[PDB]
Each structure stands twice: as structure tokens, then as C-alpha cells.
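Note that we place each Cβ from the backbone using ideal geometry, even for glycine, and neighbour counts take in every protein chain shown. The numbers here are math on the coordinates, done by the rules we state, and not lab data.
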């Protein structure tokens, strides 16, 4: 759900609350900790919702909280061709074989990391209130 | 049998006009109110409102069949062309003006044939929008404001007002708002530097939304989100297509002052005359508001019910007064066209008629018009057992213009420093109390002209919830109406909301830790556990910690350590029993005491030894309010004064006296 | 109609932060709407007045 | 380790100051003695100057 | 590990090139004479490839 999107599609009330999480290699216990250093390169799908929210929030000087400032420089280096994956699958694999964090919906990542029989993934995530997924109609 | 057959031209957005049209003919055919002998039959034809030729073509084909009335509900694009078609061929024309997209009404204005007598009766009422907005800004005395309009809106509807704001020297900005507002507003900040951003913030304190309801709701979320809301904020929403459902949604979305201005539909006061006009029963869709269709009706639908009735009046009198002409041969646009001669005498009978309907009275002049419309003026909500309310500030109608303009208290307090401290004793009995909240009483009392007497609460605490559903202490005094008012740092929280009446906040709740002389925050606090910490036994801080520590929903490593700590030895090893008891326990031992940050900072700064240190984080949407009787009348006046004080910054001087 | 683009350039060059636009009653003002948005964004004092009646009669009456 | 004024107020490791009774001095002075416009950066800077 | 194309062209620590007369070549050529693409990456690439 987005109020912009609401002008072009009718949404229900949420049935699932939006949540953003991060799939981690098996010292980040929170997204709060993850924004405070850039030592771990991070990303999500290039040009996705998660991308554009970091951009919106990260370019806002009214709603300045330094997490999105610290995050927004990392996610957009070289306009975002240096530290975003072009597949969600490509990001899961990058955590598997390299030091990387792939930011996505906590609820998808929670499922992959907890059904990995290696137990080589770890997932942490905060839920996002007043945001959620809804059914769209014409 | 039936000799009265009429034609209707509806746009594809005039389907509801087709439904109300068909029902109204149906009501008449089932009710012997006018010309029972003759029924009303119809042919309905659909056209584009954005093609003038197509409207004329199909209207002419209805005339070739033969018709005696013509009703159109269509926009202003094809209006001049249907008006001229009526004038030349002499078919009386009931023109229902539609205003684009359900944005505020604007007129048509589109000229018609002037070589003929006029056959157009304008069904809709004139635009009074300029006059309404002016009365409302004038009562509030606005001299600087911003008018936000959407893309749907045609700006003609406020033209005389736009000329007026310039003449009266008012600083009125205009901005067009369109889709993707949340992006549009971010981008507007990016291009305006600080100087301009300051000019913009000042304009936003007084703003008018002149727009359709979808844009208005999306805009309100965004201005709230960007912090252009203020305690002096004042939004005016004007749209004649606003209804009660929109008012209730719009009020919840905004904070501060809202003024909601809408057109209202006058109907019989009597409960049996809701669905009656005389002996004629109205169908239970045009007078039944529990239907989905009925609540969502435009103003155009109401006039269509009245138009059919009014037509039926005219046909009867046309038959009864013995001037009757039947359907006749007419032909259109090749090498011959023929006017109808029965049209003039049919137009005159329709014209000098008039009916009672759902808009009130519909009647026509030479060119038509209904001068009778009512607007209601709605305002800001309030806390009630029904939820947020809406109420009449005044009324406006063209006729009379605007109507309406737009003890010793028993004081219970608690001796908590620095909020309540006893300043002076005489003969060993208190004479004067001082502290943040006492000084606030003196400010309310002198302006409001009430006198006070102060007694301190019986347990000297902020009450506690009871199994019989009462409260004791200061809270308790208000529940049992022992004390009329309470002056103290009583936190506005949900428990206390449903048992005492709160005024708005004037000082923010804050949570901190008083520490012995690496912890720079409560996150830092939770990481160590080597310096025992706790809080007052059974306070709000105590249950909050228990709550987080017992919360399945959200977990942090914070809450797990905090929960293990609070709950050491059956959770009572490291808890203290009075807030004072914690403050010494940090002072004379190895302990950290979690409490209100403003109390521990005052203590730490003013300590002689400087043997304390304090950090603490503020808590938004939490703060102290004046607690009152259940159903106390004085909440409205305490709240206004509270507001004034914060605005003039006389309240921020009270905060300096205890905390620089 | 490029009227808004041309006038906006000319007023900026001469540094007009305070001005009045006089238009007669044969002109439609749905052609300066975007102009009003731009000048307001730039903080300019742009007064509006319609020139009504015979000009000399209105100004003498004024 | 100093690369901005923001970094400079947060460590006391290097002593700093400005001309007495200049434009720079009065800015730091104002911000640090105003409760009506108190930002902790300028306060910490005023704490070293003063 | 070089992050992006951007980074790589802002060094000349390793020689680079491409096959002549290939879609790749003409895209670098097209970009490098591009007044819009007056960015130091496509200019550095064009000088090297050409």
C-alpha cells in the first residue's frame, strides 16, 4: 500500500503487515546496527520499493534520521550499479558466497533462512507499522 | 392510456440520473398523484458528453419519433449545443449541469441561440462559492494563506474571490496539486532553500483545500507527515459534493483545526414525511439512507427526482387547462427542419410550475434557476463516547446570509518534585506550593477568574487501578468527584483516559536513567547488567518493562536482558518501592534508577557533589494534562488557555525555571 | 501560446519582484495559471487587476 | 580526527576556540545560552570556548 | 573486486579494450562523442578503446 498507488488501484485493509529484514551471513542484530557502518555493502533489488523508500527517506531533511542518510550513500554508489543485485535470488546467493547483506521483506527471508538445512543464513528485521500488503482491485 | 412520452439524454456518467429518472416515473405510475389517466413513457438514449454533434444527433432522432419533454444531464461542453437545439426546434429543455469529476461546482456559461425565445431552464442553483469562502475567511481574519487546488478543479468558481484577495492586500499563494503528491512535496523541499522553506511553513498555517475528496485525503496524510501541522494549523475544506461520510474521514485524518463546508439537502422534519410528498410515497432508495446507492448520491440525482415530478405537474395542468398538444412530426438537418408549435405552450406550463422535493423547492424563472440552497458549516472534532464528533459552527444560505458567528475549584495535587514542591510553611503548616504544575494553575485561574484551594492527594501517589474498577489517590479524587480538578504531572496514558477527562499536553513525558558517576542511552543500559537497575514497584515503567519482556510481537535483545533483570529473584531483588528510594539508592550504592528523565536531570545537575550522571530519551504522544471530573464542563476552556500559553512561549519560561 | 515563458524571462532580467498584471475583459486568465505557480515559487509579489469599463472612467472613479 | 565542525564538538581531545567578540564567537555564544534555540552541538563547543 | 564500470575507468591500473567494429565498440564511441554523456567514465573509456 501506497497513497500514490491508491489513486490508481483500490486496496483492502492489510492482511499481512509490511516488514523489512535483512539476510545476513551466519555482528548485525538489528537494522539500526546495519546503517551505522558501511563496512558491510548492502542493497536490495535495483530500482524496487525498498530502494525507492531509502531514496525518499534518505533525501528528506525534515524527517532526518541518520540511518537513511548512512544507508542512502551506500545503496546509491555509482547511481546504484555498484551495490544492488538485479535479482532477489542473486542477492541470496551473494550472502552465501561473499560478505553481503540482502535487504528484503523479513517474512520471505525469515522463511528461506529457517528452512536452510545448513543454517548458514541469519535474519533480523523490524516490522513496519501503517504499511502493509493489501489486495488490489481495479 | 398513455399519451405522454418524453426523451432523455444521459451521459455514461449519468447512469444514476437514469436510475432516479426511471424510479420517479415508476413512483408516479404507481401513485395517482398527477394525471392518473395518462402514464409517463420514455425513450432513453446514451451519448458522449465530450462530443456535441453526437448529443444533437440522438436528440433529433427522439424528436422524429415525437416527444413533449426533454431532460438532459450532461456536462457544459455539449450544453450550448443542446440549449440551441431546444431554442430552434422549440422543445422545452431541462438542463442538469454537471461539474467535472466531483470537484467543487463551477458554472457552464456557454451561449445558445439568441434568435429564438429561450427554452432552457437551468435546473441547478448558481455558484455562491466566492461569497461563502469570503465570509468564512473574514470571521477568522485571514490575511495570509495558501490555496491548494487540484487538476480536476476549474478555477472560475473562485474568480471574484481571487480579485478580492489582491484588492485587500492579502498574501495568497496558489499551487496546483496533482497525482504523486508524496513525491511532489519532497521535490518542492529539494529546490527551495531554507529562506523559501520558511516562507512556505508560514503559509501552511492557514490553508484551503479546493479539491475533489480523493486528492484531499491523500494531501492531508502528506502535510501531517511533513510536519507542516502546527497547533495553530487551520484547514478549510470546501466542496459542495462533500457529505457526512467524507466529513468523518477528513476529521480523523487531520489534527488541529478543521473547518468542513458542504452543501446540505433540506427534507421534512416529520418522520412520516421523509418518504412522502403529500400522499405520494417516495421509493425506498431516494429516501432510504441505509442503502449503499443512497449515501453516495450526487446533487444532480435529487433534481432529477424533482424534474420528473415537475414535468408530471406540467403535463396535468396542460391536459386539465385544455391546451393539450400531442406528439408531433419533426424532422432534422438535411434540407428541411420543422419546429414544434406545442413547445412554447408546453414550456410555459413547465416554467410557471413548482414542486416540493428533496432539494426543497424546485421552481423556474424565464431561464430557470433555484435560488434556494442551504450550506452547513462544520468544524473540528472532539473526544466522545460516540467517537470523533462534528458540529454546526453556523449556517449559510443566500437568503439571510451567514447566520451564527464562527467558583472555587477543589484542587488535588501530589507532592512530586520539581512539579510540586512545598515552597513555604508558616507555623509548620504549608502556605504555598510552587513547582511547574502550581505555577500553571496560577496562570489558568487569574485569566478564567476561578479561585482555588489546594489539598494534596490522600496517598500522595498517582492512584492505582482497582478490582472494583476505581482508582485511589489523586486519580481517585476525580473519579468520585471529590476534587473538581487535579493539578499535577499526571501522564496522559490509555488507562487514565477512560476514567478521567484530560486536557491537551503542555509538557512532554520523558524516560531516563539516573546513574552513578559508559552508558549514554537506555540501549547502552540494556547491554550491561553489572550495575543492577529497576524501577518503582507497580508503576507504569514497571508494567511497560514486564510488557516488552513478555511481548511475542516485537523482540529486541534490549527487552530480553531487561526482562531477565526486572524478573531477578521473583522480580523483586532490585526493585524499589518509592521514587525517592531509588534516587538515594544510586547515590549511596551501585544502582541505576529508571524514572522520568526531567526529574533525574534536575537531581543530577543540582547535586552538590555532582555524584550522579543522567541520559534519557523523550517520549512523544505522552505528557501531563489536567485531569478532571468525568463529564467535566471546563475541559474546553482549560484547553484553549493551555494552547495560548504554549504559543506565546509563556509556558517555555516555566520550563526554564526548573531546567535551564 | 508561449506568453508565460516570454514574460517570465523578461521580468526576471529586470529584477521585478513586485508588479501588477493588468488585463482587459476580452482576455481569458486560464493562460497565466502556470505563471502564477512559478512566480509564487520564486516569492514574487504579483498583483492582479481586471481593467473594467472605459479605463478613464474607472480610473477617475477610483 | 577532525573533518567537520560536527566531529569537533564531540571530542575534547583537541582544544579549540575563535576570536573573542567576533561573529563566530557570538554564534556559539548565542546557541549555547539560549534554551529557546538550544542544540547540543553548539552547547558542547561553547563548553570548550568557555 | 571492482564495484562498477564507473570505478574501473577512474583508474588505469590495468589496461583495457574491446574488439574493434563490434556493438560494444560503437556504443563506447556513441557515448564518448555524446555531449550529454560529458561524464569522465565514457570519455576515459573512449580514449582508451580508440
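In region B:136-147, the qualifying residues are those that are away from chain C (no Cβ under 14 Å) and surrounded by 17 or more Cβ atoms within 10 Å (Cβ to Cβ), and the one that is farthest from residue B:212 (Cα to Cα) is B:142.
Of the residues screened, residue B:164 is one that is more than 23 Å from residue B:255 (Cβ to Cβ), within 13 Å of another protein chain (Cβ to nearest Cβ) and not in a loop (DSSP other than H, G, I, E, B).
Matching residues to (1) more than 26 Å from residue B:414 (Cα to Cα); (2) within 46 Å of the chain's Cα centre (by Cα):
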| residue | (1), (2) |
| --- | --- |
| B:533 | no, no |
| B:541 | no, yes |
| B:544 | no, yes |
| B:569 | yes, no |
| B:573 | yes, no |
| B:581 | no, no |
| B:598 | no, yes |
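Every condition in (1) assigned to a helix (DSSP H, G or I); (2) more than 15 Å from the chain's Cα centre (by Cα) holds for residue A:91 except the one numbered (2). The residues listed here are B:174, B:204, B:188; of these, the one that is facing chain C (nearest Cβ under 9 Å) and in contact with a strand residue (DSSP E or B) (Cβ under 7 Å, 6 or more places away or on another chain) is B:174. Here residue B:410 clears all of (1) more than 28 Å from residue B:289 (Cα to Cα); (2) part of a strand (DSSP E or B); (3) in contact with a strand residue (DSSP E or B) (Cβ under 6 Å, 6 or more places away or on another chain) except the condition numbered (3). Checking each residue in region B:148-161 for being assigned to a loop (DSSP other than H, G, I, E, B) and either within 9 Å of chain C (Cβ to nearest Cβ) or loosely packed, with under 15 Cβ neighbours inside 10 Å (or both) picks out B:151, B:154. Scan region B:413-429 for residues that are touching a strand residue (DSSP E or B) at 6+ places or on another chain (Cβ under 8 Å) and under 20 Å from residue B:657 (Cβ atoms) and the total you get is 10. Selection of helices (runs of 4 or more DSSP H) fully inside region B:537-656 by the criterion of at least 3 residues being within 14 Å of another protein chain (Cβ to nearest Cβ) returns B:557-566, B:597-606, B:635-648. For the condition farther than 25 Å from residue B:182 by Cα and either in a strand (DSSP E or B) or within 14 Å of chain E (Cβ to nearest Cβ) (or both), residue A:99 qualifies.
Of all residues in region B:284-321, those being within 25 Å of residue B:353 (Cα to Cα), surrounded by fewer than 16 Cβ atoms within 10 Å (Cβ to Cβ) and touching a helix residue (DSSP H, G or I) at 6+ places or on another chain (Cβ under 7 Å) number 0. If you go through region B:234-241 one residue at a time, do you hit one that is surrounded by 14 or more Cβ atoms within 10 Å (Cβ to Cβ), in contact with a helix residue (DSSP H, G or I) (Cβ under 9 Å, 6 or more places away or on another chain) and more than 23 Å from residue B:394 (Cβ to Cβ)? No: zero hits. Restricting attention to region A:63-88, the residues that are assigned to a helix (DSSP H, G or I), more than 26 Å from residue A:26 (Cβ to Cβ) and more than 14 Å from chain E (Cβ to nearest Cβ) add up to 4.
Residues that are more than 15 Å from the chain's Cα centre (by Cα) and surrounded by 14 or more Cβ atoms within 10 Å (Cβ to Cβ) within region B:371-385 comprise B:372, B:373, B:374, B:375, listed in sequence order. Scanning region E:17-39 for residues that are surrounded by 13 or more Cβ atoms within 10 Å (Cβ to Cβ) and under 30 Å from residue A:98 (Cα atoms) turns up just one, E:18. Among the residues examined, residue A:133 does not qualify as crowded, with 18+ Cβ neighbours inside 10 Å and either in contact with a strand residue (DSSP E or B) (Cβ under 7 Å, 6 or more places away or on another chain) or within 13 Å of another protein chain (Cβ to nearest Cβ) (or both). Against the conditions (1) away from chain C (no Cβ under 14 Å); (2) under 27 Å from the mean Cα position of the chain (by Cα), residue B:116 satisfies every one except (2). When C:3, C:36, C:48 are screened for being surrounded by 10 or more Cβ atoms within 10 Å (Cβ to Cβ) and more than 14 Å from every other protein chain (Cβ to nearest Cβ), only C:3 passes.
Residues that are within 27 Å of residue B:644 (Cα to Cα), within 16 Å of the chain's Cα centre (by Cα) and in a helix (DSSP H, G or I) within region B:180-239 comprise B:220, B:221, B:222, B:223, B:224, listed in sequence order.
Of all the residues in region B:458-498, those that are in a loop (DSSP other than H, G, I, E, B) and over 23 Å from residue B:536 (Cα atoms) number 7. For region E:6-25, a tally of residues being under 11 Å from the mean Cα position of the chain (by Cα), more than 14 Å from chain A (Cβ to nearest Cβ) and outside any loop (DSSP other than H, G, I, E, B) returns 2. For residue E:42, the stated conditions hold: it is surrounded by 11 or more Cβ atoms within 10 Å (Cβ to Cβ) and either touching a strand residue (DSSP E or B) at 6+ places or on another chain (Cβ under 8 Å) or within 14 Å of chain A (Cβ to nearest Cβ) (or both).
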